[PDB]
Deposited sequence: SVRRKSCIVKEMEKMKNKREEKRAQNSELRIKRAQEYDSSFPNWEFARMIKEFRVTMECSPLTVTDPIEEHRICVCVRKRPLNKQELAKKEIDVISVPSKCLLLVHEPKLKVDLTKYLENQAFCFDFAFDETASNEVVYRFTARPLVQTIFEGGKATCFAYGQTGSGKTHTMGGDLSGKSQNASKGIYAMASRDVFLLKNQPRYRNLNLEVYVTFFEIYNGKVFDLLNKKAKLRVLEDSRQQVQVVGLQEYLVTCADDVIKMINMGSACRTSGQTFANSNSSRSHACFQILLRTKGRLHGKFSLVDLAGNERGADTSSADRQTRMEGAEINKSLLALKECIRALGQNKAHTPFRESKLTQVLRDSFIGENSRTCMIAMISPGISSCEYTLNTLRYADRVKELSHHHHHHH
């Protein structure tokens, strides 16, 4: 009868009654995790007296108090509810966010898989702040934190005998072009044989043996990135043993989702969605071409973090971000 609606409702309920030990449940497969993070109102917004229209009453529920006018101009609220694996409020720090998003994926690369974590949302929603550090401070961002746990795990008995070497890369995608951020914005070439795997010729891999090393490459890369979006940022952590790639973690700082380059940005985001959904089961773009091998394997996991700016003036941008997020998790 209305089985489709019944399915959507059951999925919402299931997500609403899940325990944190769901995505972080080893011996259990969860290739796709979707979260949302609300940032607090900033100085400028508070000064302009922007109203905060976002509430996160539980760890999986986010509420949008959408301002509306009836035909006769009467003011009311259409309070909409969204459910995610994890919903973070304005008091959540980067370490807390990191703990429930990228942290559970590190093990995946040591188990020989390919993990990806994406920061998605509108311009100024907190994407760069979350992935790269507060602003500036590399150590306080997910790239750093993830690196920190990679060195801790590699020194664990279960992995010691792997004799792995840790490598890092940092590049940005701008208008279908790839630029090495660790090799002075050097423009790189992207090729794809017939067997279809992609290779980024010239991308520089740097050996790191310490978190301080990684922090030096993050500062360097962020210092010469094209703050503001306009590009896709992608910081990678690769594990190698003997000529072979053991595992790889690609952390992506996406461009704002809201000069007709927005066409390339929208195509990449449309492409990203279908690649992630294809993971739990085109019209290609550079981003999805470069990260292709991280969606095709069976031992691959991904996490999507949707950033939201709480201001009333950004309500339409928020709904757009949330609905995109819904469709992504829809494949889990």
* Structure fact -> No C-alpha coords for deposited residues 1-41, 177-180, 272-279, 312-323, 347-352, 404-410
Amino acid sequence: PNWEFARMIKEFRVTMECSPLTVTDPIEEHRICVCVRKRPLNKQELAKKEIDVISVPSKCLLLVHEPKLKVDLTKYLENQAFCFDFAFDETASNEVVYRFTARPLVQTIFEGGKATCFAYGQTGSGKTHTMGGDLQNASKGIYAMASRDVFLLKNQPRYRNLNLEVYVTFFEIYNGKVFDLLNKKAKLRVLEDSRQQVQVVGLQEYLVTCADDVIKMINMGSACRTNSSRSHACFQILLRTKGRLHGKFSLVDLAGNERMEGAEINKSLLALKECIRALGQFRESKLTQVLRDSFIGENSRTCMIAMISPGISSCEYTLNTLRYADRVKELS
From here on, numbers count along this sequence of modelled residues.
* For the higher mean C-alpha B factor in the entry, choose 187-195 or 100-108. => 187-195
* Asked: Do the CA atoms of 216-224 or those of 141-149 have the higher mean B-factor in the entry?
  -> 216-224
* Per the coordinate record, which of the options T22, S314, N320, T15 holds the highest CA temperature factor? -> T22
* Of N94, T169, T241, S125, which one's C-alpha B factor is largest in the deposited record? -> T241
* Structure fact -> The third of the chain into which the C-alpha temperature factor of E205 falls is the middle
* Asked: Split the chain's modelled residues into thirds by Cα B-factor; is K38 in the lowest, middle or highest one?
  -> lowest
* Which third, lowest, middle or highest, does the CA B-factor of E66 fall in along this chain? -> lowest
* Using the B-factor values recorded in the entry, state whether the Cα atom of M304 falls in the lowest, middle or highest third among the modelled residues of its chain. => lowest
* **For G256, the third of its chain into which the C-alpha B factor falls** => lowest
